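A.B. asks: Sharing a structure, written as structure tokens. Questions coming.
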Amino acid sequence: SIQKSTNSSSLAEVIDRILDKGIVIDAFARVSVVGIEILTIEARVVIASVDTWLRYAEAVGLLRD
Amino acid sequence: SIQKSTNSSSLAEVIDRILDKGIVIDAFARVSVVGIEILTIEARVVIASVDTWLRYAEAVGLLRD
Amino acid sequence: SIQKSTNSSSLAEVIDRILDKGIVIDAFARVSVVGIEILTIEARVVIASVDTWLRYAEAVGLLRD
Amino acid sequence: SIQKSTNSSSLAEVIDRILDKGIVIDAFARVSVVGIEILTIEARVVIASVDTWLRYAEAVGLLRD
Amino acid sequence: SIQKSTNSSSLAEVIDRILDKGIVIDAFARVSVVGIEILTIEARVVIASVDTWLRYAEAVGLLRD
């Protein structure tokens with residue numbers, strides 16, 4: 001191709017650049033009464049391409065040893 | 001590309017620059033009566049890219065030893 | 001880029017400069033009758049980027065020893 | 001940048017300059033009858049950036065020894 | 001900057017100059033009948049920046065010895 005005065009790029013390349021960084025959303029909350037932990041919530045979400053989800057899974061320990 | 005008189009940058013690069021710094025929102029409250037801790041709340045939220053959520057997780061201790 | 005006669009900066013850089021200083025909001029109150037501490041409240045909130053929330057957490061003692 | 005005839009500065013820098021000095025609001029009251037301290041109130045509030053809230057916390061004694 | 005014929009200064013600098021002097025408001029009253037101190041009130045309020053509230057607290061004795 002040829003060089004241009006503008007940097008702007010394609011939608012499919014925005015998607016690819018998002019997925020090979022990935023996203024983690026992570027949260028917890030706890031509610032206690034008189035010292036007893038009467039309610040608790042924990043949640044996590046991960047989104048990525050395969051080659052980066054393997055990075056996550058190999059560090060956390062979901063692949064075979 | 002070529003140099004310009006203005007610095008302004010793309011939306012996908014704002015998103016990437018936010019996620020590789022990450023965000024932590026952290027809070028607790030306690031209500032006590034006669035010296036007994038009759039109610040308590042604690043919460044935390046984390047948002048990041050995978051490579052920076054691993055920074056958090058390795059310092060706090062969520063990865064295998 | 002090139003130098004200009006004005007200093008003004010981008011919204012994403014205001015956000016980044018806030019989060020790498022962080023914010024702490026901290027309060028307590030106590031109500032006592034005849035010498036007995038019949039009611040008490042304590043609360044704290046913290047907001048930061050990951051690299052500065054780790055500063056807080058390492059000084060207060062939330063990371064593994 | 002270049003020098004100017006006026007000193008005026010940005011809103012984000014006012015906020016930063018407030019938070020790295022911090023604010024303490026501190027009060028108590030006591031009501032006594034026949035020599036017995038039948039009612040009492042105490043309250044405190046602190047606001048700062050992380051690096052200055054640590055100054056407060058290290059002098060008052062909220063960090064690990 | 002450059003020198004001018006007038007001394008006037010910014011609102012954020014008025015606030016800073018107030019808080020690093022601080023304010024103390026202090027009062028008590030006592031009502032006695034036949035020689036018995038049947039009612040009494042005492043109150044205090046303090047406002048400052050952190051570095052000057054520590055001056056108060058170190059002289060009165062609220063910091064660890």
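Scheme for the structure tokens: letters A, B, ... for chains in order shown; per-chain residue numbers from 1; ligand numbers from 1 in order shown.
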If you run DSSP on the backbone, which residues of region 2-58 of chain C are strand (DSSP E), as a list in words?
C.D. replies: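 Across region 2-58 of chain C, those assigned strand (DSSP E) are residues 23, 24, 25, 26, 27, 28, 29, 30, 31, 32, 33, 36, 37, 38, 39, 40, 41, 42, 43, 44, 45, 46, 47 and 48 of chain C.
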A.B. asks: Please produce an output containing C-alpha atoms for each residue in the selection, written as a compact mmCIF listing (two decimals), in the first residue's frame.
C.D. replies:
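Produced file again-v1.txt, reproduced below:
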```txt
# COMPACT_ATOMS: atom_id res chain seq x y z
CA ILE C 23 -8.76 9.89 46.98
CA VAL C 24 -9.38 8.81 50.63
CA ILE C 25 -12.60 9.80 52.47
CA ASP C 26 -12.51 8.80 56.15
CA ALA C 27 -14.94 9.44 59.06
CA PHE C 28 -16.17 8.25 62.48
CA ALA C 29 -18.69 9.29 65.17
CA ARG C 30 -19.48 8.06 68.70
CA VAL C 31 -22.50 8.68 70.98
CA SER C 32 -22.21 7.79 74.68
CA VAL C 33 -24.72 7.78 77.59
CA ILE C 36 -21.35 3.51 78.04
CA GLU C 37 -20.60 3.79 74.27
CA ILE C 38 -24.21 3.06 73.19
CA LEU C 39 -23.75 3.84 69.41
CA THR C 40 -20.74 4.12 67.02
CA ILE C 41 -20.09 4.46 63.24
CA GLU C 42 -16.86 4.19 61.19
CA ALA C 43 -16.45 4.36 57.36
CA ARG C 44 -13.68 4.58 54.70
CA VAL C 45 -13.58 4.85 50.86
CA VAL C 46 -10.52 4.60 48.55
CA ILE C 47 -10.31 5.22 44.75
CA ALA C 48 -7.12 4.82 42.63
```
A.B. asks: Pairing the C-alpha atoms in order across the whole chain, superpose chain D onto chain C by least squares and write the result as a CSV table (one decimal) with N, CA and C atoms, in the first residue's frame.
C.D. replies:
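Now in superposed_34.csv:
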```csv
chain,number,residue,atom,x,y,z
D,1,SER,N,5.3,16.4,18.3
D,1,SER,CA,4.3,17.5,18.2
D,1,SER,C,5.1,18.9,18.2
D,2,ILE,N,4.4,20.0,18.2
D,2,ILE,CA,4.9,21.4,18.3
D,2,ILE,C,4.5,22.1,19.5
D,3,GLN,N,5.3,23.1,20.0
D,3,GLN,CA,4.9,23.9,21.1
D,3,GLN,C,3.9,25.0,20.8
D,4,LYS,N,3.1,25.4,21.7
D,4,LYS,CA,1.9,26.3,21.6
D,4,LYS,C,2.0,27.3,22.7
D,5,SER,N,1.2,28.4,22.6
D,5,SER,CA,1.1,29.4,23.6
D,5,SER,C,0.2,29.1,24.8
D,6,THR,N,-0.6,28.0,24.7
D,6,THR,CA,-1.5,27.5,25.8
D,6,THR,C,-1.2,26.1,26.4
D,7,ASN,N,-1.6,25.9,27.7
D,7,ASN,CA,-1.2,24.7,28.4
D,7,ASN,C,-2.3,23.6,28.5
D,8,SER,N,-3.5,23.9,28.1
D,8,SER,CA,-4.7,23.1,28.3
D,8,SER,C,-4.5,21.6,27.8
D,9,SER,N,-5.1,20.7,28.5
D,9,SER,CA,-4.9,19.2,28.3
D,9,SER,C,-6.2,18.4,28.2
D,10,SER,N,-6.1,17.1,27.8
D,10,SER,CA,-7.2,16.3,27.4
D,10,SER,C,-7.9,15.7,28.6
D,11,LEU,N,-9.2,15.3,28.4
D,11,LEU,CA,-10.0,14.7,29.5
D,11,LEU,C,-9.5,13.4,30.0
D,12,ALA,N,-9.0,12.5,29.1
D,12,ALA,CA,-8.4,11.3,29.5
D,12,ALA,C,-7.1,11.5,30.4
D,13,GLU,N,-6.4,12.6,30.2
D,13,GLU,CA,-5.2,12.9,31.0
D,13,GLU,C,-5.6,13.5,32.4
D,14,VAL,N,-6.7,14.3,32.5
D,14,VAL,CA,-7.3,14.7,33.8
D,14,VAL,C,-7.6,13.4,34.6
D,15,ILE,N,-8.4,12.5,34.0
D,15,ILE,CA,-8.8,11.3,34.7
D,15,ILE,C,-7.5,10.5,35.2
D,16,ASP,N,-6.5,10.3,34.3
D,16,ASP,CA,-5.3,9.6,34.7
D,16,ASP,C,-4.6,10.2,35.9
D,17,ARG,N,-4.5,11.6,35.8
D,17,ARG,CA,-3.8,12.4,36.9
D,17,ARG,C,-4.5,12.4,38.2
D,18,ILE,N,-5.9,12.2,38.2
D,18,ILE,CA,-6.6,12.1,39.4
D,18,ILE,C,-6.4,10.7,40.0
D,19,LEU,N,-6.5,9.6,39.2
D,19,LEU,CA,-6.4,8.3,39.7
D,19,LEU,C,-5.0,7.9,40.2
D,20,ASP,N,-4.0,8.4,39.7
D,20,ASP,CA,-2.6,8.1,40.2
D,20,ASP,C,-2.2,9.0,41.4
D,21,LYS,N,-3.0,9.9,41.8
D,21,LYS,CA,-2.9,10.5,43.2
D,21,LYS,C,-3.9,9.8,44.2
D,22,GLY,N,-5.1,9.4,43.7
D,22,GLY,CA,-6.1,8.7,44.5
D,22,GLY,C,-6.8,9.7,45.5
D,23,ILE,N,-7.9,9.2,46.1
D,23,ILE,CA,-8.8,9.9,47.0
D,23,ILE,C,-9.0,9.0,48.2
D,24,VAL,N,-8.9,9.5,49.4
D,24,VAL,CA,-9.4,8.8,50.6
D,24,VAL,C,-10.4,9.7,51.4
D,25,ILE,N,-11.5,9.1,51.7
D,25,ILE,CA,-12.6,9.8,52.5
D,25,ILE,C,-12.8,9.0,53.7
D,26,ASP,N,-12.7,9.5,54.9
D,26,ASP,CA,-12.5,8.8,56.1
D,26,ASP,C,-13.3,9.5,57.3
D,27,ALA,N,-14.1,8.8,58.0
D,27,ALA,CA,-14.9,9.4,59.1
D,27,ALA,C,-15.3,8.5,60.2
D,28,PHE,N,-15.5,9.0,61.4
D,28,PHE,CA,-16.2,8.3,62.5
D,28,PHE,C,-17.0,9.2,63.4
D,29,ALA,N,-17.9,8.6,64.2
D,29,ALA,CA,-18.7,9.3,65.2
D,29,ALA,C,-19.1,8.3,66.3
D,30,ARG,N,-19.1,8.8,67.5
D,30,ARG,CA,-19.5,8.1,68.7
D,30,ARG,C,-20.5,8.8,69.6
D,31,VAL,N,-21.5,8.1,70.1
D,31,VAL,CA,-22.5,8.7,71.0
D,31,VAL,C,-22.6,7.9,72.2
D,32,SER,N,-22.3,8.5,73.4
D,32,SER,CA,-22.2,7.8,74.7
D,32,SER,C,-23.2,8.3,75.7
D,33,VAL,N,-23.7,7.5,76.5
D,33,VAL,CA,-24.7,7.8,77.6
D,33,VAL,C,-24.3,7.2,78.9
D,34,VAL,N,-24.3,7.9,80.0
D,34,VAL,CA,-23.8,7.6,81.3
D,34,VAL,C,-22.4,7.0,81.5
D,35,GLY,N,-21.6,7.1,80.4
D,35,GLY,CA,-20.2,6.5,80.3
D,35,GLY,C,-20.1,5.2,79.4
D,36,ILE,N,-21.3,4.7,78.9
D,36,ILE,CA,-21.4,3.5,78.0
D,36,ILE,C,-21.5,3.9,76.6
D,37,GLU,N,-20.7,3.4,75.7
D,37,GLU,CA,-20.6,3.8,74.3
D,37,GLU,C,-21.8,3.3,73.4
D,38,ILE,N,-23.0,3.7,73.7
D,38,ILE,CA,-24.2,3.1,73.2
D,38,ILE,C,-24.4,3.0,71.7
D,39,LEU,N,-23.7,3.9,70.9
D,39,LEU,CA,-23.7,3.8,69.4
D,39,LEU,C,-22.4,4.3,68.8
D,40,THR,N,-22.0,3.7,67.7
D,40,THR,CA,-20.7,4.1,67.0
D,40,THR,C,-20.8,3.8,65.5
D,41,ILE,N,-20.2,4.7,64.7
D,41,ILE,CA,-20.1,4.5,63.2
D,41,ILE,C,-18.7,4.7,62.8
D,42,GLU,N,-18.1,3.9,61.9
D,42,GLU,CA,-16.9,4.2,61.2
D,42,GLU,C,-17.0,3.8,59.7
D,43,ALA,N,-16.4,4.6,58.8
D,43,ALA,CA,-16.4,4.4,57.4
D,43,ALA,C,-15.2,4.8,56.7
D,44,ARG,N,-14.8,4.2,55.6
D,44,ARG,CA,-13.7,4.6,54.7
D,44,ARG,C,-14.0,4.3,53.2
D,45,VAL,N,-13.5,5.1,52.3
D,45,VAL,CA,-13.6,4.8,50.9
D,45,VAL,C,-12.2,5.2,50.2
D,46,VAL,N,-11.8,4.4,49.3
D,46,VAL,CA,-10.5,4.6,48.5
D,46,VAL,C,-10.8,4.5,47.1
D,47,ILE,N,-10.2,5.3,46.2
D,47,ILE,CA,-10.3,5.2,44.8
D,47,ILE,C,-8.9,5.5,44.2
D,48,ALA,N,-8.4,4.7,43.2
D,48,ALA,CA,-7.1,4.8,42.6
D,48,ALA,C,-7.0,4.0,41.4
D,49,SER,N,-5.8,4.1,40.6
D,49,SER,CA,-5.3,3.1,39.7
D,49,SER,C,-4.7,2.0,40.5
D,50,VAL,N,-4.4,0.8,39.8
D,50,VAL,CA,-3.9,-0.4,40.5
D,50,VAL,C,-2.6,-0.1,41.1
D,51,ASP,N,-1.6,0.6,40.5
D,51,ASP,CA,-0.3,0.8,41.0
D,51,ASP,C,-0.2,1.6,42.2
D,52,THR,N,-1.2,2.5,42.4
D,52,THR,CA,-1.3,3.4,43.6
D,52,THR,C,-2.2,2.7,44.7
D,53,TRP,N,-3.3,2.0,44.4
D,53,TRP,CA,-4.0,1.2,45.4
D,53,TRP,C,-3.0,0.2,46.0
D,54,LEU,N,-2.1,-0.4,45.3
D,54,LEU,CA,-1.1,-1.2,45.9
D,54,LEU,C,-0.2,-0.5,46.9
D,55,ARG,N,0.1,0.8,46.7
D,55,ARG,CA,0.8,1.6,47.7
D,55,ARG,C,0.0,1.6,49.0
D,56,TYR,N,-1.3,1.9,48.9
D,56,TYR,CA,-2.2,1.9,50.1
D,56,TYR,C,-2.2,0.6,50.8
D,57,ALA,N,-2.4,-0.5,50.0
D,57,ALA,CA,-2.6,-1.8,50.5
D,57,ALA,C,-1.3,-2.4,51.1
D,58,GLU,N,-0.1,-2.1,50.6
D,58,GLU,CA,1.2,-2.5,51.2
D,58,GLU,C,1.5,-1.8,52.5
D,59,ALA,N,1.1,-0.5,52.7
D,59,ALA,CA,1.4,0.2,53.9
D,59,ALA,C,0.4,-0.1,55.0
D,60,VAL,N,-0.9,-0.3,54.7
D,60,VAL,CA,-2.0,-0.7,55.6
D,60,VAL,C,-1.9,-2.2,56.0
D,61,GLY,N,-1.4,-3.1,55.0
D,61,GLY,CA,-1.2,-4.5,55.2
D,61,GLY,C,-2.3,-5.4,54.7
D,62,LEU,N,-2.6,-5.3,53.4
D,62,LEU,CA,-3.6,-6.3,52.8
D,62,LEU,C,-2.9,-7.2,51.8
D,63,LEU,N,-1.6,-7.1,51.5
D,63,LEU,CA,-0.9,-8.0,50.7
D,63,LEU,C,-0.3,-9.1,51.5
D,64,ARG,N,0.1,-10.3,50.9
D,64,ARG,CA,0.7,-11.4,51.6
D,64,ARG,C,2.1,-10.9,52.1
D,65,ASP,N,2.5,-11.2,53.3
D,65,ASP,CA,3.8,-10.8,53.9
D,65,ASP,C,5.1,-11.3,53.2
```
A.B. asks: Please give the complete set of residues from chain A that DSSP, run on the backbone, assigns to helix (DSSP H, G or I), formatted as a list in words.
C.D. replies: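 Residues meeting the helix (DSSP H, G or I) criterion: residues 11, 12, 13, 14, 15, 16, 17, 18, 19, 50, 51, 52, 53, 54, 55, 56, 57, 58, 59 and 60 of chain A.
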A.B. asks: What would the file look like if the residues just selected were written as a short mmCIF file (atom, residue, chain, number, x, y, z; two decimals), in the first residue's frame with N, CA, C and O atoms?
C.D. replies:
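selection_31.cif written:
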```cif
data_model
loop_
_atom_site.label_atom_id
_atom_site.label_comp_id
_atom_site.auth_asym_id
_atom_site.auth_seq_id
_atom_site.Cartn_x
_atom_site.Cartn_y
_atom_site.Cartn_z
N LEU A 11 -12.69 -1.36 11.39
CA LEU A 11 -13.45 -1.88 12.53
C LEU A 11 -12.97 -3.27 12.97
O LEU A 11 -12.77 -3.50 14.16
N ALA A 12 -12.71 -4.17 12.03
CA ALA A 12 -12.17 -5.48 12.35
C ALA A 12 -10.81 -5.42 13.08
O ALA A 12 -10.52 -6.29 13.89
N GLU A 13 -10.00 -4.38 12.86
CA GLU A 13 -8.73 -4.21 13.57
C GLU A 13 -8.91 -3.61 14.97
O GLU A 13 -8.18 -3.98 15.89
N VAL A 14 -9.91 -2.76 15.19
CA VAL A 14 -10.31 -2.36 16.55
C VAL A 14 -10.72 -3.58 17.36
O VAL A 14 -10.21 -3.78 18.46
N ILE A 15 -11.60 -4.44 16.83
CA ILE A 15 -12.03 -5.66 17.50
C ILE A 15 -10.84 -6.54 17.85
O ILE A 15 -10.68 -6.94 19.00
N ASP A 16 -9.95 -6.81 16.90
CA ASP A 16 -8.78 -7.65 17.15
C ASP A 16 -7.87 -7.09 18.25
O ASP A 16 -7.45 -7.83 19.14
N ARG A 17 -7.63 -5.77 18.22
CA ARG A 17 -6.79 -5.08 19.23
C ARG A 17 -7.41 -5.05 20.64
O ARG A 17 -6.69 -5.03 21.64
N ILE A 18 -8.73 -5.06 20.72
CA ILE A 18 -9.42 -5.21 22.01
C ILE A 18 -9.22 -6.63 22.52
O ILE A 18 -8.74 -6.83 23.64
N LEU A 19 -9.54 -7.64 21.72
CA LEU A 19 -9.54 -9.03 22.18
C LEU A 19 -8.15 -9.57 22.53
O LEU A 19 -8.07 -10.42 23.40
N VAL A 50 -8.24 -16.63 21.91
CA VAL A 50 -7.76 -17.89 22.50
C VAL A 50 -6.34 -17.75 23.03
O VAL A 50 -6.06 -18.14 24.16
N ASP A 51 -5.43 -17.14 22.27
CA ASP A 51 -4.02 -17.07 22.65
C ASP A 51 -3.77 -16.26 23.93
O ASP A 51 -2.79 -16.51 24.62
N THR A 52 -4.64 -15.30 24.25
CA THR A 52 -4.57 -14.51 25.49
C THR A 52 -5.40 -15.10 26.62
O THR A 52 -4.96 -15.04 27.76
N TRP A 53 -6.54 -15.74 26.35
CA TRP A 53 -7.21 -16.50 27.40
C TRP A 53 -6.32 -17.62 27.93
O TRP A 53 -6.28 -17.84 29.14
N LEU A 54 -5.50 -18.26 27.10
CA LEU A 54 -4.50 -19.20 27.60
C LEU A 54 -3.47 -18.55 28.54
O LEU A 54 -3.09 -19.19 29.51
N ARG A 55 -3.14 -17.27 28.34
CA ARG A 55 -2.23 -16.59 29.25
C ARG A 55 -2.88 -16.58 30.64
O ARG A 55 -2.26 -16.96 31.64
N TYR A 56 -4.13 -16.13 30.70
CA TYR A 56 -4.92 -16.08 31.93
C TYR A 56 -4.99 -17.46 32.57
O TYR A 56 -4.60 -17.64 33.72
N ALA A 57 -5.40 -18.46 31.81
CA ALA A 57 -5.63 -19.80 32.31
C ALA A 57 -4.36 -20.48 32.80
O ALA A 57 -4.40 -21.21 33.78
N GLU A 58 -3.21 -20.26 32.17
CA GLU A 58 -1.94 -20.83 32.59
C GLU A 58 -1.37 -20.20 33.87
O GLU A 58 -0.70 -20.88 34.65
N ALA A 59 -1.65 -18.93 34.13
CA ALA A 59 -1.23 -18.23 35.35
C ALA A 59 -2.13 -18.56 36.55
O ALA A 59 -1.66 -18.77 37.66
N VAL A 60 -3.45 -18.61 36.32
CA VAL A 60 -4.44 -18.96 37.35
C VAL A 60 -4.45 -20.46 37.64
O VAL A 60 -4.66 -20.85 38.78
#
```
